[PDB]
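Presented below is the structure to which this report refers.
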Amino acid sequence: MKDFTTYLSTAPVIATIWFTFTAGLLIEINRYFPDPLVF
Amino acid sequence: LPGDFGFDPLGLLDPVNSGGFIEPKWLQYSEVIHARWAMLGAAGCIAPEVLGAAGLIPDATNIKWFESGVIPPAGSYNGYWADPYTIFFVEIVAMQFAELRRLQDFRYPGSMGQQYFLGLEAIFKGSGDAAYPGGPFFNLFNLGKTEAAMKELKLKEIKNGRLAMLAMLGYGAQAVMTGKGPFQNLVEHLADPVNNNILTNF
Amino acid sequence: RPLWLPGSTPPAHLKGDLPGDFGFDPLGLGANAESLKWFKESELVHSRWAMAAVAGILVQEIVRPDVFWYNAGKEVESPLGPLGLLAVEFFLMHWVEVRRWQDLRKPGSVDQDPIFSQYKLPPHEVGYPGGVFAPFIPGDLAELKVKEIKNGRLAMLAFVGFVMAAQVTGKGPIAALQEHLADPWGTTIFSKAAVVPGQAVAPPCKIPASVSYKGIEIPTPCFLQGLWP
Amino acid sequence: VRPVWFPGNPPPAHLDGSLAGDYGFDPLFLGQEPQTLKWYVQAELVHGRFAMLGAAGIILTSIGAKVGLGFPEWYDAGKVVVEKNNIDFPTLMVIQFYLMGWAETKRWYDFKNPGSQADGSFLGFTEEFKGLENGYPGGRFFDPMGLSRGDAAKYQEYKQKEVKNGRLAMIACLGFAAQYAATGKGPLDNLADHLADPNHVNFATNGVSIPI
Amino acid sequence: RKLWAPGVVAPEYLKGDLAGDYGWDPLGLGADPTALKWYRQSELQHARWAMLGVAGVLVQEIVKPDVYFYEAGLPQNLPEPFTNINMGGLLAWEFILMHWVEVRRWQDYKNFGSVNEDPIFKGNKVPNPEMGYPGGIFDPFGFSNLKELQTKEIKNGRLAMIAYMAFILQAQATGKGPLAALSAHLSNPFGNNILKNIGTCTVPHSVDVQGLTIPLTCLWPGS
């Protein structure tokens, strides 16, 4: 289990998950709020 | 050892570098398992047809075995007190328990006679050998207290079981080819050992 | 020792010192002595309340029949302002209850008539004021207390059974008694209802609905209606 | 030696039998770590108690429904009561939020710091917000009847019964959810139905659960 | 000692110390002593109860050969003094008194020797030698040897259990009393048998009592 936790704290997987999180954030943003131009 | 006529052409009994379930113990274990199964299957498929042939059972019964409904395309019976799947469900859970505890033995001998199982644990000490527990239940009567007659019974079991496996093969093959009862085929080939044969059915 | 079960074993904290025990606390809740004194007090309290209640309801049903004691709350009349009556009630009760509770939480602390300094109650037991509170005593508290607790628990049972009998028949307890006597066989909740996988049945209540008093119209539901059998 | 969740195999390391309901069941070793395990203990306790709440309210309401008391079916009840009353859904929700937040935050920071919540910094109370154990805040408030402070043995037995009935209540509320998701009816209705025909009232008859 | 089969071996614990023993515990249930006493008590329970049952059904079949005991359970099926009584009060008295006496027997099994006296007329007590063996007033004539007594008791009781169950099944099948079934097998042993009557029980499928109907049952999906 601890081995698993360490494997998840490895670098590229963390980069992965953070990017996935951010991207899903912004995609949902555009979904619910389409066509942003100003403000 | 029982049923060994040296009949191992490819030499599967090779002990060196064994493993997995390619291992003489599990191998012969499965052998006798399937053999007993085939004994039971022969009895099951054969009973109702000859039983109706004696008319001692009703004609609503004695349908050809495969027409039970196990393969509904092959035909089903109705009159069953519940649903096919209804039966099948409890059937699953029951056999799950049975086979699981049998395996728990095979992996850890006697290790199903310790956790509380309703007093049926001395019954579940069996022995130091799968396929041959014994115990008060799995050996009701002390039949074979001598090892000579013991191995005699063992060989008889082996021969009977392998033969019954062959019989199941025959049942399936004929019921596929002619699409009739095995008992039907018996009556036929008795009507003509000449004109009622697999050669006729081409 | 006489036990609430012949041939059984009392629990840990139960021995028989306090009257009314015979080794009964299957839940063993009499462990903490603080809460235990608390509960002794509370049980005495309830017992005495209920004894008074059954006595009054009985005697009143007797002398002034046809007046449903259960519905006296509704059908009482008096030229006095009900609001003033309940006010006097609340204040009187707040006083007496705070006195008894202050004495419980702090034993032997209010034993004086705070007005007439001459008057001050001797030392006594919580739940046993006595002295003025018990001026005349025939016999021994040894038996008085056991009889007290016995009669009190019994009267609690009496009161609650009266309430049930009313909700089921609307009759005063004496009326229900005469009814039972009339038909020993058919006057039973047995002969009134039963439950079976096929179907269930329960007797209907006689307490009709929200009672319409002088403008308020009190909502009057039933006590755990659906599960009467 | 204690009855394992699976007879025959040995239990895991971090599973021994110290806490009630331990039958050696962590096939995924989630409790390999002590902190996480203890946290999970508290979480299971909380969730089981919530499920107990859920089952009790459900069954009461369903009885009140089936018998002619006009009680709505639970999954409709929230809407129907907010409609029958003049209440404002968001107001209800936000007050409930306030309350659960404060209390659950107290619990949270007590899990963090085991005893800092009974310091008396609160109005005047002390040790009445002091946890007896993890997930066991036994005090004068969370145990006024003082069951924990007498017969620790029967107390442990009660813990056993607690976690037992808690897992039971969790599976029960899940079951109710499933009964409605399938039949669209009241669980007590479906109950009386299976009573009518166990042979022909079941998921196999629903054909939905098992899709054949 | 003759055992329960020619040549079979006995379990370690079956010694015949209890009557009617023949070394027959194929499923080792007689392992725990506590459960063993539990089960011996229950065995005697069921043996005696079924003994009384066959006795009653037999004598009533003899005297009033029309009641069909299997249907005697109805209020209409009651004698002269009372045949339209309230099953309510019936159940009332019955359940009360039985719960009492059963709690008495239960305290017995729990503490052998605990409640031997009449708790009110305290000049009254029966000495119990054995669990499930009150005697005393329960033995008005004091025949207590005791061993053969117990042997005949347990043996005949097991056999009576069997017979009563047989009567139940035969009634379900042919809808008739064992008297009728025997007269049937005598009029014809070839006819009048299970081979013909099989697969269909006469279960009248949930008759209705004064207040409601009771679901009915059959030992097999014969219908």
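Every chain in the structure tokens takes a letter, A first, then B, and so on in the order presented; its residues are numbered from 1, and the ligands are numbered from 1 following the presented order.
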
Within chain A, find each residue whose DSSP state, derived from the backbone, is helix (DSSP H, G or I), and express the selection as a PyMOL selection string. chain A and resi 2-9+11-32

Could you list, as a list in words, every residue within 12 Å of residue 30 (chain B), counting only C-alpha atoms and ignoring same-chain residues fewer than 3 positions away? residues 21, 22, 23, 24, 25, 26, 27, 33, 34, 35, 36, 37, 103, 106, 130, 131, 158, 161 and 162 of chain B

Just N, CA and C atoms for this one: save the residues we selected as a PDB file, in the first residue's frame.
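This is the output file again_11.pdb:
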ATOM      1  N   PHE B  21      -1.566 -26.013 -12.199  1.00  0.00           N
ATOM      2  CA  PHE B  21      -2.395 -27.186 -12.001  1.00  0.00           C
ATOM      3  C   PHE B  21      -1.955 -28.343 -12.877  1.00  0.00           C
ATOM      4  N   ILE B  22      -0.788 -28.230 -13.504  1.00  0.00           N
ATOM      5  CA  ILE B  22      -0.135 -29.380 -14.105  1.00  0.00           C
ATOM      6  C   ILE B  22       0.697 -30.022 -13.013  1.00  0.00           C
ATOM      7  N   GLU B  23       0.063 -30.864 -12.226  1.00  0.00           N
ATOM      8  CA  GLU B  23       0.710 -31.449 -11.069  1.00  0.00           C
ATOM      9  C   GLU B  23      -0.071 -32.678 -10.639  1.00  0.00           C
ATOM     10  N   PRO B  24       0.596 -33.827 -10.538  1.00  0.00           N
ATOM     11  CA  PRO B  24      -0.127 -35.107 -10.445  1.00  0.00           C
ATOM     12  C   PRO B  24      -1.264 -35.106  -9.447  1.00  0.00           C
ATOM     13  N   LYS B  25      -1.065 -34.472  -8.294  1.00  0.00           N
ATOM     14  CA  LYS B  25      -2.104 -34.445  -7.277  1.00  0.00           C
ATOM     15  C   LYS B  25      -3.381 -33.836  -7.828  1.00  0.00           C
ATOM     16  N   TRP B  26      -3.334 -32.541  -8.139  1.00  0.00           N
ATOM     17  CA  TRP B  26      -4.494 -31.869  -8.700  1.00  0.00           C
ATOM     18  C   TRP B  26      -5.003 -32.589  -9.931  1.00  0.00           C
ATOM     19  N   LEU B  27      -4.096 -33.164 -10.712  1.00  0.00           N
ATOM     20  CA  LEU B  27      -4.488 -33.808 -11.955  1.00  0.00           C
ATOM     21  C   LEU B  27      -5.429 -34.973 -11.693  1.00  0.00           C
ATOM     22  N   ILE B  33     -12.828 -36.279  -9.892  1.00  0.00           N
ATOM     23  CA  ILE B  33     -13.929 -35.337  -9.754  1.00  0.00           C
ATOM     24  C   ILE B  33     -14.853 -35.449 -10.955  1.00  0.00           C
ATOM     25  N   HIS B  34     -14.297 -35.222 -12.141  1.00  0.00           N
ATOM     26  CA  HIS B  34     -15.074 -35.344 -13.362  1.00  0.00           C
ATOM     27  C   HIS B  34     -15.647 -36.741 -13.523  1.00  0.00           C
ATOM     28  N   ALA B  35     -14.928 -37.763 -13.068  1.00  0.00           N
ATOM     29  CA  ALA B  35     -15.420 -39.126 -13.216  1.00  0.00           C
ATOM     30  C   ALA B  35     -16.699 -39.329 -12.418  1.00  0.00           C
ATOM     31  N   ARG B  36     -16.690 -38.898 -11.159  1.00  0.00           N
ATOM     32  CA  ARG B  36     -17.895 -38.977 -10.348  1.00  0.00           C
ATOM     33  C   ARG B  36     -19.013 -38.165 -10.977  1.00  0.00           C
ATOM     34  N   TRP B  37     -18.683 -36.965 -11.454  1.00  0.00           N
ATOM     35  CA  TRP B  37     -19.673 -36.149 -12.140  1.00  0.00           C
ATOM     36  C   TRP B  37     -20.314 -36.920 -13.279  1.00  0.00           C
ATOM     37  N   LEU B 103     -12.246 -26.737  -1.914  1.00  0.00           N
ATOM     38  CA  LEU B 103     -10.963 -26.171  -2.315  1.00  0.00           C
ATOM     39  C   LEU B 103     -10.163 -25.712  -1.109  1.00  0.00           C
ATOM     40  N   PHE B 106      -8.398 -28.571  -0.123  1.00  0.00           N
ATOM     41  CA  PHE B 106      -7.325 -28.979  -1.023  1.00  0.00           C
ATOM     42  C   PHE B 106      -6.098 -28.092  -0.885  1.00  0.00           C
ATOM     43  N   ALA B 130      -7.084 -35.002  -0.605  1.00  0.00           N
ATOM     44  CA  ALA B 130      -8.266 -34.630  -1.357  1.00  0.00           C
ATOM     45  C   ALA B 130      -8.812 -35.847  -2.095  1.00  0.00           C
ATOM     46  N   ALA B 131     -10.074 -35.742  -2.506  1.00  0.00           N
ATOM     47  CA  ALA B 131     -10.765 -36.799  -3.237  1.00  0.00           C
ATOM     48  C   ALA B 131     -10.970 -38.034  -2.371  1.00  0.00           C
ATOM     49  N   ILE B 158     -12.294 -45.688 -10.477  1.00  0.00           N
ATOM     50  CA  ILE B 158     -11.605 -45.056 -11.599  1.00  0.00           C
ATOM     51  C   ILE B 158     -12.145 -45.579 -12.919  1.00  0.00           C
ATOM     52  N   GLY B 161     -15.723 -44.458 -13.528  1.00  0.00           N
ATOM     53  CA  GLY B 161     -15.823 -43.049 -13.819  1.00  0.00           C
ATOM     54  C   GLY B 161     -15.344 -42.692 -15.204  1.00  0.00           C
ATOM     55  N   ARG B 162     -14.172 -43.193 -15.590  1.00  0.00           N
ATOM     56  CA  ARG B 162     -13.697 -42.943 -16.945  1.00  0.00           C
ATOM     57  C   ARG B 162     -14.693 -43.472 -17.966  1.00  0.00           C
TER      58      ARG B 162
END

Per residue of chain C within 10 Å of chain D, which atom pair is closest and at what distance in Å (one decimal), using only C-alpha atoms, listed by chain and increasing number, as a tab-separated table?
residue	atom	partner	partner_atom	distance
C:12	CA	D:151	CA	9.2
C:27	CA	D:154	CA	9.4
C:28	CA	D:151	CA	8.3
C:29	CA	D:147	CA	6.9
C:30	CA	D:150	CA	8.9
C:31	CA	D:150	CA	5.6
C:32	CA	D:150	CA	6.9
C:35	CA	D:145	CA	7.5
C:197	CA	D:195	CA	7.9
C:198	CA	D:196	CA	8.7
C:200	CA	D:67	CA	10.0
C:225	CA	D:69	CA	9.0
C:226	CA	D:67	CA	6.9
C:227	CA	D:63	CA	9.1

* Contacts of residue 69 (chain B) at 12 Å or less, counting only C-alpha atoms, minus same-chain residues fewer than 5 places along, as a PyMOL selection string? -> chain B and resi 63-64+74-80+83-85+88

I need the chain E residues near chain C as a PyMOL selection string; criterion: at most 6 Å, counting only C-alpha atoms.
chain E and resi 88-89+114

What's around region 1-5 of chain A at 7 Å? Count only C-alpha atoms, leave out sequence neighbours fewer than 4 positions away in its own chain, and write the answer as a ChimeraX atom specification. /A:9 /D:29-30,32

Selection from above, N, CA, C and O atoms, as a tab-separated table (two decimals), in the first residue's frame, can you write it?
chain	number	residue	atom	x	y	z
A	9	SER	N	3.11	9.24	-5.72
A	9	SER	CA	3.86	10.47	-5.50
A	9	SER	C	5.01	10.64	-6.47
A	9	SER	O	5.66	11.69	-6.47
D	29	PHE	N	-5.78	-3.90	1.88
D	29	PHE	CA	-4.71	-3.38	2.73
D	29	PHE	C	-4.79	-1.87	2.90
D	29	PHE	O	-3.78	-1.21	3.14
D	30	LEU	N	-5.99	-1.31	2.78
D	30	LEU	CA	-6.15	0.13	2.93
D	30	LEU	C	-5.74	0.60	4.31
D	30	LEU	O	-5.39	1.77	4.47
D	32	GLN	N	-3.13	-0.43	6.06
D	32	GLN	CA	-1.74	-0.73	6.36
D	32	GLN	C	-1.13	0.32	7.28
D	32	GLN	O	-0.22	0.02	8.06

Give one line per residue of chain B that approaches chain D to at most 12 Å, naming the two atoms of the closest pair and their distance in Å to one decimal, counting only C-alpha atoms; sort by chain then ascending residue number and deliver it as JSON lines.
{"residue": "B:80", "atom": "CA", "partner": "D:199", "partner_atom": "CA", "distance": 10.9}
{"residue": "B:81", "atom": "CA", "partner": "D:199", "partner_atom": "CA", "distance": 8.0}
{"residue": "B:82", "atom": "CA", "partner": "D:199", "partner_atom": "CA", "distance": 5.8}
{"residue": "B:83", "atom": "CA", "partner": "D:199", "partner_atom": "CA", "distance": 7.6}
{"residue": "B:84", "atom": "CA", "partner": "D:204", "partner_atom": "CA", "distance": 9.7}
{"residue": "B:85", "atom": "CA", "partner": "D:204", "partner_atom": "CA", "distance": 6.9}
{"residue": "B:86", "atom": "CA", "partner": "D:204", "partner_atom": "CA", "distance": 6.7}
{"residue": "B:87", "atom": "CA", "partner": "D:199", "partner_atom": "CA", "distance": 10.0}
{"residue": "B:88", "atom": "CA", "partner": "D:204", "partner_atom": "CA", "distance": 10.5}
{"residue": "B:89", "atom": "CA", "partner": "D:204", "partner_atom": "CA", "distance": 9.1}
{"residue": "B:90", "atom": "CA", "partner": "D:204", "partner_atom": "CA", "distance": 11.9}
{"residue": "B:97", "atom": "CA", "partner": "D:7", "partner_atom": "CA", "distance": 11.5}
{"residue": "B:100", "atom": "CA", "partner": "D:7", "partner_atom": "CA", "distance": 10.2}
{"residue": "B:101", "atom": "CA", "partner": "D:7", "partner_atom": "CA", "distance": 8.8}
{"residue": "B:102", "atom": "CA", "partner": "D:8", "partner_atom": "CA", "distance": 11.2}
{"residue": "B:103", "atom": "CA", "partner": "D:8", "partner_atom": "CA", "distance": 10.1}
{"residue": "B:104", "atom": "CA", "partner": "D:8", "partner_atom": "CA", "distance": 6.4}
{"residue": "B:105", "atom": "CA", "partner": "D:8", "partner_atom": "CA", "distance": 8.5}
{"residue": "B:106", "atom": "CA", "partner": "D:8", "partner_atom": "CA", "distance": 11.0}
{"residue": "B:107", "atom": "CA", "partner": "D:8", "partner_atom": "CA", "distance": 9.1}
{"residue": "B:108", "atom": "CA", "partner": "D:8", "partner_atom": "CA", "distance": 7.3}
{"residue": "B:109", "atom": "CA", "partner": "D:8", "partner_atom": "CA", "distance": 9.7}
{"residue": "B:110", "atom": "CA", "partner": "D:8", "partner_atom": "CA", "distance": 9.6}
{"residue": "B:111", "atom": "CA", "partner": "D:8", "partner_atom": "CA", "distance": 5.9}
{"residue": "B:112", "atom": "CA", "partner": "D:8", "partner_atom": "CA", "distance": 6.7}
{"residue": "B:113", "atom": "CA", "partner": "D:8", "partner_atom": "CA", "distance": 9.6}
{"residue": "B:114", "atom": "CA", "partner": "D:1", "partner_atom": "CA", "distance": 8.3}
{"residue": "B:115", "atom": "CA", "partner": "D:3", "partner_atom": "CA", "distance": 6.0}
{"residue": "B:116", "atom": "CA", "partner": "D:3", "partner_atom": "CA", "distance": 7.5}
{"residue": "B:117", "atom": "CA", "partner": "D:7", "partner_atom": "CA", "distance": 9.9}

Selected residues written out with N, CA and C atoms, as a PDB file, in the first residue's frame:
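Written file, selection.pdb:
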ATOM      1  N   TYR B  80     -42.301 -26.936 -13.600  1.00  0.00           N
ATOM      2  CA  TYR B  80     -41.364 -26.635 -12.533  1.00  0.00           C
ATOM      3  C   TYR B  80     -41.970 -25.617 -11.580  1.00  0.00           C
ATOM      4  N   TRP B  81     -41.853 -25.896 -10.284  1.00  0.00           N
ATOM      5  CA  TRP B  81     -42.525 -25.100  -9.267  1.00  0.00           C
ATOM      6  C   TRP B  81     -42.059 -23.653  -9.226  1.00  0.00           C
ATOM      7  N   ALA B  82     -40.987 -23.308  -9.927  1.00  0.00           N
ATOM      8  CA  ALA B  82     -40.459 -21.955  -9.878  1.00  0.00           C
ATOM      9  C   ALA B  82     -39.870 -21.620 -11.243  1.00  0.00           C
ATOM     10  N   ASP B  83     -39.101 -20.541 -11.296  1.00  0.00           N
ATOM     11  CA  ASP B  83     -38.501 -20.146 -12.555  1.00  0.00           C
ATOM     12  C   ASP B  83     -37.188 -20.886 -12.770  1.00  0.00           C
ATOM     13  N   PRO B  84     -36.801 -21.088 -14.028  1.00  0.00           N
ATOM     14  CA  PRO B  84     -35.470 -21.646 -14.281  1.00  0.00           C
ATOM     15  C   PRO B  84     -34.387 -20.856 -13.584  1.00  0.00           C
ATOM     16  N   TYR B  85     -34.369 -19.544 -13.795  1.00  0.00           N
ATOM     17  CA  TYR B  85     -33.362 -18.708 -13.161  1.00  0.00           C
ATOM     18  C   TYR B  85     -33.544 -18.684 -11.654  1.00  0.00           C
ATOM     19  N   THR B  86     -34.791 -18.746 -11.192  1.00  0.00           N
ATOM     20  CA  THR B  86     -35.044 -18.823  -9.761  1.00  0.00           C
ATOM     21  C   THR B  86     -34.294 -19.991  -9.147  1.00  0.00           C
ATOM     22  N   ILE B  87     -34.525 -21.191  -9.676  1.00  0.00           N
ATOM     23  CA  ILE B  87     -33.775 -22.360  -9.230  1.00  0.00           C
ATOM     24  C   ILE B  87     -32.283 -22.099  -9.351  1.00  0.00           C
ATOM     25  N   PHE B  88     -31.870 -21.634 -10.528  1.00  0.00           N
ATOM     26  CA  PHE B  88     -30.458 -21.522 -10.850  1.00  0.00           C
ATOM     27  C   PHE B  88     -29.719 -20.667  -9.836  1.00  0.00           C
ATOM     28  N   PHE B  89     -30.385 -19.653  -9.297  1.00  0.00           N
ATOM     29  CA  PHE B  89     -29.752 -18.716  -8.374  1.00  0.00           C
ATOM     30  C   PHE B  89     -29.280 -19.409  -7.096  1.00  0.00           C
ATOM     31  N   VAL B  90     -30.224 -19.993  -6.359  1.00  0.00           N
ATOM     32  CA  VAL B  90     -29.869 -20.709  -5.143  1.00  0.00           C
ATOM     33  C   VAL B  90     -28.933 -21.857  -5.468  1.00  0.00           C
ATOM     34  N   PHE B  97     -20.670 -22.414  -2.096  1.00  0.00           N
ATOM     35  CA  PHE B  97     -20.229 -22.853  -0.774  1.00  0.00           C
ATOM     36  C   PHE B  97     -19.510 -24.192  -0.844  1.00  0.00           C
ATOM     37  N   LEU B 100     -16.190 -24.189  -2.719  1.00  0.00           N
ATOM     38  CA  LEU B 100     -15.233 -23.330  -2.041  1.00  0.00           C
ATOM     39  C   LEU B 100     -14.613 -24.049  -0.861  1.00  0.00           C
ATOM     40  N   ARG B 101     -15.436 -24.700  -0.050  1.00  0.00           N
ATOM     41  CA  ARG B 101     -14.877 -25.358   1.121  1.00  0.00           C
ATOM     42  C   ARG B 101     -14.072 -26.592   0.739  1.00  0.00           C
ATOM     43  N   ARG B 102     -14.504 -27.307  -0.301  1.00  0.00           N
ATOM     44  CA  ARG B 102     -13.683 -28.386  -0.837  1.00  0.00           C
ATOM     45  C   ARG B 102     -12.298 -27.875  -1.225  1.00  0.00           C
ATOM     46  N   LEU B 103     -12.246 -26.737  -1.914  1.00  0.00           N
ATOM     47  CA  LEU B 103     -10.963 -26.171  -2.315  1.00  0.00           C
ATOM     48  C   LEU B 103     -10.163 -25.712  -1.109  1.00  0.00           C
ATOM     49  N   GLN B 104     -10.841 -25.129  -0.125  1.00  0.00           N
ATOM     50  CA  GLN B 104     -10.158 -24.710   1.086  1.00  0.00           C
ATOM     51  C   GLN B 104      -9.456 -25.888   1.728  1.00  0.00           C
ATOM     52  N   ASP B 105     -10.097 -27.054   1.713  1.00  0.00           N
ATOM     53  CA  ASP B 105      -9.388 -28.274   2.071  1.00  0.00           C
ATOM     54  C   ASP B 105      -8.169 -28.466   1.187  1.00  0.00           C
ATOM     55  N   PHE B 106      -8.398 -28.571  -0.123  1.00  0.00           N
ATOM     56  CA  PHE B 106      -7.325 -28.979  -1.023  1.00  0.00           C
ATOM     57  C   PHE B 106      -6.098 -28.092  -0.885  1.00  0.00           C
ATOM     58  N   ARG B 107      -6.296 -26.832  -0.524  1.00  0.00           N
ATOM     59  CA  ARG B 107      -5.182 -25.916  -0.338  1.00  0.00           C
ATOM     60  C   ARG B 107      -4.635 -25.967   1.077  1.00  0.00           C
ATOM     61  N   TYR B 108      -5.510 -26.149   2.059  1.00  0.00           N
ATOM     62  CA  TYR B 108      -5.134 -26.199   3.465  1.00  0.00           C
ATOM     63  C   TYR B 108      -5.882 -27.368   4.082  1.00  0.00           C
ATOM     64  N   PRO B 109      -5.241 -28.524   4.176  1.00  0.00           N
ATOM     65  CA  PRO B 109      -5.944 -29.726   4.633  1.00  0.00           C
ATOM     66  C   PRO B 109      -6.454 -29.567   6.054  1.00  0.00           C
ATOM     67  N   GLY B 110      -7.616 -30.165   6.314  1.00  0.00           N
ATOM     68  CA  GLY B 110      -8.242 -30.106   7.615  1.00  0.00           C
ATOM     69  C   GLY B 110      -8.640 -28.727   8.075  1.00  0.00           C
ATOM     70  N   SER B 111      -8.280 -27.682   7.334  1.00  0.00           N
ATOM     71  CA  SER B 111      -8.489 -26.309   7.763  1.00  0.00           C
ATOM     72  C   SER B 111      -9.928 -25.851   7.620  1.00  0.00           C
ATOM     73  N   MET B 112     -10.867 -26.766   7.406  1.00  0.00           N
ATOM     74  CA  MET B 112     -12.284 -26.445   7.465  1.00  0.00           C
ATOM     75  C   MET B 112     -12.974 -27.127   8.637  1.00  0.00           C
ATOM     76  N   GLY B 113     -12.212 -27.533   9.644  1.00  0.00           N
ATOM     77  CA  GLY B 113     -12.788 -28.176  10.802  1.00  0.00           C
ATOM     78  C   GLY B 113     -12.530 -27.396  12.069  1.00  0.00           C
ATOM     79  N   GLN B 114     -12.144 -26.130  11.922  1.00  0.00           N
ATOM     80  CA  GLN B 114     -11.741 -25.312  13.060  1.00  0.00           C
ATOM     81  C   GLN B 114     -12.692 -24.148  13.285  1.00  0.00           C
ATOM     82  N   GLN B 115     -12.889 -23.291  12.288  1.00  0.00           N
ATOM     83  CA  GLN B 115     -13.877 -22.233  12.419  1.00  0.00           C
ATOM     84  C   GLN B 115     -15.245 -22.861  12.629  1.00  0.00           C
ATOM     85  N   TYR B 116     -16.060 -22.225  13.461  1.00  0.00           N
ATOM     86  CA  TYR B 116     -17.305 -22.853  13.878  1.00  0.00           C
ATOM     87  C   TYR B 116     -18.243 -23.039  12.697  1.00  0.00           C
ATOM     88  N   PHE B 117     -18.599 -24.288  12.424  1.00  0.00           N
ATOM     89  CA  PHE B 117     -19.460 -24.644  11.305  1.00  0.00           C
ATOM     90  C   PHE B 117     -20.562 -25.580  11.761  1.00  0.00           C
TER      91      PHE B 117
END

Suppose you want the space between CA of residue 38 (chain B) and CA of residue 168 (chain B); what is it in Å?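 Going from CA of residue 38 (chain B) over to CA of residue 168 (chain B) covers 6.6 Å.
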
Inset, instruction - Could you give me, as a PyMOL selection string, the residues within 10 Å of residue 216 (chain E), counting only C-alpha atoms and dropping anything in the same chain fewer than 2 positions from it? - result: chain E and resi 203-207+213-214+218
